[PDB]
Amino acid sequence: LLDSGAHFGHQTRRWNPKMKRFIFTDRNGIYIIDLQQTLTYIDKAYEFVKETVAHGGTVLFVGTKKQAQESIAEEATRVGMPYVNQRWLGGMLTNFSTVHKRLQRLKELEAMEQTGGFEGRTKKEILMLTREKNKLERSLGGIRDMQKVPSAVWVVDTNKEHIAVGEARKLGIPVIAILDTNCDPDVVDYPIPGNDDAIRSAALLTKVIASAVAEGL
RNA sequence: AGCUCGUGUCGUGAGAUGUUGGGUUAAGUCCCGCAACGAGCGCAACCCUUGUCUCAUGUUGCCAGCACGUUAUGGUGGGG
């Protein structure tokens with residue numbers, strides 16, 4: 001993980017005092033996250049993913065920054081797991097019943113596509129239904145799979161997606177987050193300190209969780 | 001072209017957000033964003049009339065091609 005730069009962080013300016021525990025040193029104006037804590041935390045995150053998926057649980061993959069979008073998307077597709085990549089509608093978890101209606105519309109609309117209802121109405125209407133189709137499918141890619149609720153939530157760069165962490169906290173589901181040197185440790189249960197600005201560093205974390213769930217599945 | 005609601009979120013509370021920002025339109029019309037996701041009444045469309053053409057259509061309506069006309073003209077037989 002050192003090859004990717006899991007020791008990299010943010011500037012000393014943008015740092016958070018509550019991050020001093022796992023700070024190793026500061027070079028060239030950036031903080032170096034100590035990797036020993038990263039290992040002794042990722043093992044715990046691994047065992048937790050194992051014990052939750054093996055006991056009939058699920059985790060929801062959270063990532064929105066373009067550095068870790070395709071990585072999490074492909075990982076979830078290869079493990080068949082709920083995930084969000086494009087944008088998080090504020091209230092996926094709290095307004096679960098409300099956002100289920102969007103999925104029901106997607107399903108009934110795919111049924112309409114199968115039955116071919118594209119000429120029984122005006123051209124403007126069918127064009128608008130096609131626009132709604134692609135809009136709802138791009139906005140909801142890994143969402144057609146949550147029946148009840150996510151049992152755990154895995155996020156990358158919690159500062160960017162703070163609404164997701166706030167929601168998951170509100171409903172109390174555990175959050176597993178890789179926290180950078182600017183991050184907040186009190187909101188995450190299972191930190192895995194390390195860089196989230198690098199595509200490679202964030203990707204190889206998703207692989208680790210992928211392996212944990214895959215053998216846990 | 002605006003007025004609201006359900007759930008969510010923020011606030012002790014009155015309330016706020018959605019409905020704000022950039023662009024665009026006749027328009028809260030639409031797009032991109034966005035702690036909001038949707039919905040309703042509005043906007044728009046569906047209705048009438050008008051402008052073009054096709055099929056059907058010949059009376060009390062036309063008369064182009066034929067006949068009778070008396071001036072008084074489709075007036076009359078007939079003709080689409």
# chains A, B, ... in the order shown; residues from 1 in each chain; ligands from 1

$ residues_around --residues "residue A:71" --least-positions-apart "4" --cutoff "12 Å" --atoms "only C-alpha atoms (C1' of nucleotides)" --output "ChimeraX atom specification"
/A:61-67,75-78,83-85,156,198-210

$ interface_residues --of "chain B" --to "chain A" --cutoff "7 Å" --atoms "only C-alpha atoms (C1' of nucleotides)" --output "ChimeraX atom specification"
/B:7-8,35-37

$ residues_around --residues "residue B:58" --least-positions-apart "2" --cutoff "12 Å" --atoms "only C-alpha atoms (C1' of nucleotides)" --output "ChimeraX atom specification"
/B:56,60-62,79-80

$ residues_around --residues "residue A:109" --least-positions-apart "5" --cutoff "12 Å" --atoms "only C-alpha atoms (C1' of nucleotides)" --output "number ranges by chain"
A: 101-104, 114-118, 126, 129-134, 136-137

$ atom_distance --atom1 "atom CA of residue A:110" --atom2 "atom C1' of residue B:38"
19.8 Å

$ closest_atom_pairs --of "stretch 66-180 of chain A" --to "stretch 39-51 of chain B" --cutoff "12 Å" --atoms "only C-alpha atoms (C1' of nucleotides)" --output "Markdown table"
| residue | atom | partner | partner_atom | distance |
| --- | --- | --- | --- | --- |
| A:98 | CA | B:39 | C1' | 11.6 |
| A:122 | CA | B:45 | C1' | 10.4 |
| A:124 | CA | B:45 | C1' | 10.5 |
| A:125 | CA | B:45 | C1' | 10.7 |

$ write_last_selection --atoms "C-alpha atoms" --output "tab-separated table (two decimals), in the first residue's frame"
chain	number	residue	atom	x	y	z
A	98	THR	CA	-39.52	7.55	-0.29
A	122	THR	CA	-46.95	11.65	-28.56
A	124	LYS	CA	-42.61	14.51	-26.70
A	125	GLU	CA	-44.02	12.18	-24.04

$ select_by_dssp --residues "chain A" --states "helix (DSSP H, G or I)" --output "ChimeraX atom specification"
/A:17-22,35-54,66-68,70-79,96-115,123-139,162-171,199-216

$ closest_residue --among "A:150, A:166, A:57, A:9" --to "residue A:187" --atoms "only C-alpha atoms"
A:166

$ atom_distance --atom1 "atom CA of residue A:165" --atom2 "atom CA of residue A:87"
14.0 Å

$ residues_around --residues "stretch 43-45 of chain A" --least-positions-apart "5" --cutoff "9 Å" --atoms "only C-alpha atoms (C1' of nucleotides)" --output "MDAnalysis selection string"
chainID A and resid 38 50 176 190:192 209 212

$ residues_around --residues "residue A:34" --least-positions-apart "3" --cutoff "12 Å" --atoms "only C-alpha atoms (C1' of nucleotides)" --output "list in words"
residues 1, 2, 5, 6, 7, 8, 9, 19, 20, 21, 22, 23, 24, 25, 26, 31, 37, 38, 39, 40, 41, 180, 181, 192, 193, 194 and 195 of chain A

$ atom_distance --atom1 "atom CA of residue A:160" --atom2 "atom CA of residue A:42"
21.4 Å

$ select_by_dssp --residues "stretch 15-95 of chain A" --states "strand (DSSP E or B)" --output "list in words"
residues 23, 24, 25, 26, 27, 30, 31, 32, 33, 59, 60, 61, 62, 83 and 84 of chain A

$ closest_residue --among "B:69, B:2, B:33, B:74" --to "residue B:19" --atoms "only C-alpha atoms (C1' of nucleotides)"
B:2
